[PDB]
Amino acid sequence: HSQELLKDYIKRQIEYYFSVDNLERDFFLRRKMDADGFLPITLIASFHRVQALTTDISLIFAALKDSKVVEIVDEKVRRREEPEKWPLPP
């Protein structure tokens, strides 16, 4: 119980970054994607609103695994739906 609510806030914050509404304006995030849409999870962990909530990387991974919006492969995360649409030149 001790971290379940915290995990939900983290999950919702990260789902915002990967929302279409945010992605349409988030040129920084898109420049950090690889060509398949993947971003380092540690980059996401450094963002102010996530870091305010936690610095516990297992908790961040556990939150991402609870999401239908994103998917994790090893150290990286991407939007599940058409991730290839979003990357931009660095």
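When you see a residue number, it is the position in the sequence shown, counting from 1. For clarity, a rigid core is taken as the largest C-alpha set superposing within 1.5 Å between two forms.
Greater average departure of CA atoms from the shown form, over structures and residues in 8 other deposited structures of this protein after a core fit, characterises 62-70 among 19-27 and 62-70. The stretch 80-88 shows the higher mean C-alpha B-factor when 80-88 is compared against 4-12 in the entry. Averaged over CA atoms, B-factors in the entry run higher in 30-38 than in the other of 48-56 and 30-38. In the deposited entry, the Cα temperature factor of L43 places it in the lowest third of its chain's modelled residues.
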